[PDB]
């Protein structure tokens, strides 16, 4: 199983590289590392396993964060309210379209790879369409709004060497953009 030992930290140069596109089919090694990335998120969300193994709670993980410079992401967003849950292991995820209207978490964002908290709103697209492959090479198209769109944008950022804190207005960090939706 993966643990916080496996997650590299702000300053590691792998987090600032552009992740390489994967060829398909995936190698067994690649499937296994993507299943383990999901398993980490699952483990990080069980309070007993997470206490026992000192896991931070996470809803998304990009392979660069375990120092693998490949374009795979895991998202595990539990039901929490609506009936909408998100459980996705994506290969070569790409945002193909998005809203002009922005969205932000009113408390800013966190990062398993970031030991500090950073204050500041991170404005993202309220709505996105993603095309990607699943672990078996089949085609996935996601239409996402609000919380999940923000999480996926966070994870895809990692594949392009971008960190949540790069989006933070240096002067007015807690000023919401006009007509930006609060999630």
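Residue numbers count along the first chain shown, from 1.
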Please work out which of 73-81 and 87-95 has the higher mean CA B-factor as recorded in the PDB entry.
73-81
Looking only at CA atoms, which has the higher mean B factor in the entry: 17-25 or 168-176?
168-176
Could you check 118, 42, 66, 128 and tell me which one carries the biggest Cα B-factor in the deposited entry?
118
Candidate set 154, 51, 143, 123 [ranked by C-alpha B-factor, highest]
51
Lowest, middle or highest third: where is residue 134 by C-alpha B factor in its chain?
lowest
Among all modelled residues of this chain, ranked by Cα B factor, put residue 38 in the bottom, middle or top third, i.e. lowest, middle or highest.
lowest
Please say which third, lowest, middle or highest, residue 59 falls into when its CA temperature factor is compared across its chain.
middle
Quick one: classify residue 105 as lowest, middle or highest third of the chain based on its Cα B-factor.
middle
